[PDB]
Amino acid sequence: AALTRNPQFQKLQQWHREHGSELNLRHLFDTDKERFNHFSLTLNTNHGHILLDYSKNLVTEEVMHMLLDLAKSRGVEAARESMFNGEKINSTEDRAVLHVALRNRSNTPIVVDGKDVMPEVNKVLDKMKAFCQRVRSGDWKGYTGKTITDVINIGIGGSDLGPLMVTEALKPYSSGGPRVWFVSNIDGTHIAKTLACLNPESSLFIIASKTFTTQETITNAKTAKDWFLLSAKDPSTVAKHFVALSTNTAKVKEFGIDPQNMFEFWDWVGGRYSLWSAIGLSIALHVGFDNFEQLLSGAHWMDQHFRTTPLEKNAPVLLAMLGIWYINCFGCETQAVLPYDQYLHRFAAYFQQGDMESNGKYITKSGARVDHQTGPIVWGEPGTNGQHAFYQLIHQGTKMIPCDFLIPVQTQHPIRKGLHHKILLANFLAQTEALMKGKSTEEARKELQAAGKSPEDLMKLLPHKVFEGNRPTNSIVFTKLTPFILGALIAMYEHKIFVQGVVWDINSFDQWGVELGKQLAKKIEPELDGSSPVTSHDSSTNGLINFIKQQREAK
């Protein structure tokens, strides 16, 4: 792999094996009153400020220099320009990677195969707004004349999680916007419980599928139409209750959807980076197009920051290299994302896909097997809830877990004159401080010495109440969680993922494991029918199939 033989990488590993374990956060702060000033980054977007405080990390000026040197020796900047210019960096599928073009508000041309893609990008956007306007104003009528009250997005993976996470995060910006629903799982329970609360006459279905062949989505779409053609009767009506977001016109029309009701995107739009395209139609419908453009504008601002800022002060690059440090040097398997915001309850899950599906690879772009770790397992839940649960292991477990704490300064609901948000902010701050500082045996002893216990009882309990600390965290604070700021935050992590993939020299934009998945079920599906036992697979698969057949009708 290109990595382990890289001089800057070897230098970093050499340094870590000699000083890595010695680094102590509490000691670093107690010996450098300027640590925060030197290890933090403030970004004025003109639409709110974003503070990236990466000072509670196990790094020194020297470490950061070695990390930035590695990013440079690995060609991060050149790779970046290649993506922004529309080059087919997605080598395995021979495609460009242009989610950045989807939000290119500057409209600077980006040529992909002879012609600029911006014109078609803006055309779909205009088509989206036009359609969105008709639905919102009550202009677009249902087959019996009523206005649409519910919009149901049907899709899975990249055609589901982005719009879901964003609509959830931007709920405060949904007006005369119809209710939005997200059906994704093939599990019948999903569409069933969703359709049970809907009126066919005022429900609009959005079939989101890049390829338009995914079994879960097409099956759910067909079931939804049957449920519709049910109370409706007559297939000419569908045209007023079903629209599509895809890149395959034939398949769409083949399903029964007119060309005018298809909002397309392109192959250079990865599912996990598609909410910025037609896929985000449910977002626009929910919060309006002005807010959707703000979302796009926020990402564009971050794209520019990432493209024009010196690596040393580049947000996504810093986040990426700190990750490299923990992954490749400390060997941390995971990365926690902890938003202190209820609206962002699907945020960690969104990047669990975005990150893991992008960098969960073991083959370099040249085809060589990596001999180092790649993408981490991303996970998390919004705080303060986690502080009462899994933070126990973060504080006193045997695993090093880098954590990104995020929070907006201003809340969308300043109830009780801000009492709730004040407490939320206090916990946000106190937790990272405690993870860094911990509580020594002596501090715990003195505290217990005041309990009136005694050397017998103080003794049995003391070690259990000691916190070794030295748990690294990043604190990301922003003025307010608005459509613009959310867009910037998402783009920030998209680029963090990009930078790491470059360092590891893998293809962060293909997903052969996901493609594999869409073909695996076909063989087993027909074998499930009937009570006759199956013996064509390994004994476990056979045994499970036979248990299923046996229990299928059990009362």
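Quick note: we count residues from 1 along the sequence shown, nothing fancier. Rigid core (definition): largest C-alpha set, two forms, superposition within 1.5 Å.
Across the superposed structures in 5 other deposited structures of this protein, aligned by the core, the stretch whose Cα atoms lie more distant on average is 447-455, chosen from 318-326 and 447-455. Averaged over structures and residues, the CA distance from the shown form in 5 other deposited structures of this protein after a core fit is larger for 518-526, of the two stretches 518-526 and 47-55. In this entry, 193-201 has the higher mean Cα B-factor, the comparison being between 470-478 and 193-201. Checked against the record, the higher mean CA B factor of 292-300 and 348-356 lies with 292-300.
Of all the options 260, 374, 215, 431, the entry's greatest CA B-factor is assigned to 260. Reading the B-factor column for the CA atoms of 228, 340, 182, 390 in the entry, the top value corresponds to 228. When the modelled residues of the chain are ordered by their C-alpha B factor, residue 55 lands in the lowest third.
Split the chain's modelled residues into thirds by C-alpha temperature factor. Residue 140 is in the highest one.
For residue 47, the recorded CA temperature factor ranks within the middle third of the chain's modelled residues. In the PDB entry, residue 494 places in the lowest third of its chain by CA B-factor. Among the modelled residues of its chain, residue 265 has a C-alpha B-factor that falls in the highest third, as given in the PDB entry.
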